[PDB]
Structures are given as structure tokens and as C-alpha cells.
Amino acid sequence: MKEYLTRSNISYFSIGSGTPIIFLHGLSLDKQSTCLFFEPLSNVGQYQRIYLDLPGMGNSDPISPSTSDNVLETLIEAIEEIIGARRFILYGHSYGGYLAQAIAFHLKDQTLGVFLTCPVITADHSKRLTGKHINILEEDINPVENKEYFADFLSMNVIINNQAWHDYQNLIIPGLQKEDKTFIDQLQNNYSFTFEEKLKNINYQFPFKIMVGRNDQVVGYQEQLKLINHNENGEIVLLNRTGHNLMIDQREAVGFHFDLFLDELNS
């Protein structure tokens, strides 16, 4: 597909016309993870799908200062270049979901809806309430290609079978291969927004939907559940046998629920 680059040096794909969806991928991943996942699903066709590479990931340059504040500013700049003041839908995974929240919180009137998978809500890892990873070993797998990533797959994915390994290689490996680890490490020294507590308390005035796994040792599920009651339009799906690579563990659930979420907005 055709890769574009904003003047703010954010690499992205843009496909389709109609209401924009801005997809923000997880930490160490890239737009392959989002693009390859959502393009196959029946009802994103009517939308303009915009898959960004975060700074220091994919084909997007690292940025100085290497802080979450600068990431947010750069992504806001980027979105304006791409769609201007047109109203948009947000999708976010992991740190992508943290930034999705920050954007929704700052561009309240321009945001139509937010859908998050395994989102970061507390940036500081030492503060997070996390779950316990496990494996459900469904099938024997004999890896040929990408053998060197197999442990990370096993350490991250919950449901272990051939399709999950194929998905990991297709969606996760590309980002791992491009991530700027030094940039990420520096970012993590200035990772938490000063308004993080506001994100934890805000009652968004549009659909706000979260999918979390019981076995997600990176961001867990508790803190996300706590966002739900006070969010008037807050939805949650929390599932067993599901971890941080929730979109592989529960491929079909994410497709189903993303579609159901678009239905909400369509109404």
C-alpha cells in the first residue's frame, strides 16, 4: 500500500473516504499491526482509515525531546495535516491507547468515539495493576521462519496455536524489527502525562469502549475496569485466556466488537 509522510515526519497509510478513523498501534509495534488487522474486516470499508506510525516506530523518526508530551503534540499536528478539523474516530492499543485517550481529552469536540485494546492508562510501569500471564497450549508448533522471536511470542500471547504464531509474525514482528529501542527507553523516562489523573476521571461524552485480558501482565484489566462506571457511554469486554496481544488471542472478538462500536456511531 501507499505510504505517506506528513511534514511533521509521521509515516502513515490512508485508505478510503468517509469519516476518518485514526489508528494508533502499541508500543514496539508499527502500522502493520493495525493495518493488517483491521483492513480484513467487513465494515471499515465506508471509512477513511488512517494508520499512523508512532514516533520512533515503523517509518516514523524519533523525536526530540523524547517525551509523551512531544509524542502527543506531534500526533495532533499530524492529524490536523491529514484531516484538518474534520471529526474523527479513535482506535488505540497499549501506549497507542494512552495517546488515544490524551487526544480525545484535548480534542473533545472533534472526537466521535474511542475504542481501545489493552490500553495503557497508568504510564508508569511500577504503578500499574497487572495480570498474570499464562499459556494455553492448543497445538504443537514447529517454527521455521522467525525462530528467534518464538520465546517472545510464547511470553506474550496466551492462546498458543499455529494461527496465533502466523498472526504474531505478520502483525508483531514488523514493528519489532523497526522499533528504535533507545528512543523508547528515553521516552519511558518522560512517559506519564501530567493530566493522567484527568484521563482516569473524565466522563467522555461519546462511546468509549475497552477490551482487556485477565492474563495481560503489561497493563492488566483492573484500572481499565475502574474507568467504566463513571463513563456514561463506557463499554468494556474483559475475557479469560487473553493477554496483551489481545488481537491475536481473541481475533474474532476484536473484529466483532469493533464493528459493533462503529454501529454505535453510525447511529
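One rule holds for the numbers: they count along the sequence shown, beginning at 1.
Stretch with the higher entry mean CA B-factor, where the candidates are 96 to 104 and 127 to 135: Stretch with the greater average CA B-factor: 127 to 135.
Entry-level comparison of average CA B-factors, 59 to 67 and 26 to 34, reporting the higher stretch: On average, C-alpha B-factors are higher across 59 to 67.
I50, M211, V44, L227, ranked by C-alpha B-factor: the highest one: If I rank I50, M211, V44, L227 by C-alpha B-factor, first place goes to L227.
Deposited CA B-factor, highest of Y149, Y191, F115, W165: Checking the PDB record, the top C-alpha B-factor among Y149, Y191, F115, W165 is at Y191.
Chain-wide C-alpha B factor ranking for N203, given as lowest, middle or highest third: Highest third - that is where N203 ends up once the chain's C-alpha B-factors are sorted.
Chain thirds of CA B-factor: placement of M247: Lowest third.
Chain thirds of CA B-factor: placement of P119: For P119, whose C-alpha B-factor we compare with every modelled residue in the chain, the answer is the lowest third.
Position of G16 among the chain's modelled residues by C-alpha B-factor, lowest, middle or highest third: As the PDB entry reports it, the C-alpha B-factor of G16 lands in the highest third of its chain.
Assigned third (lowest, middle, highest) for the C-alpha B factor of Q169: Tercile = middle for this residue's CA B-factor.
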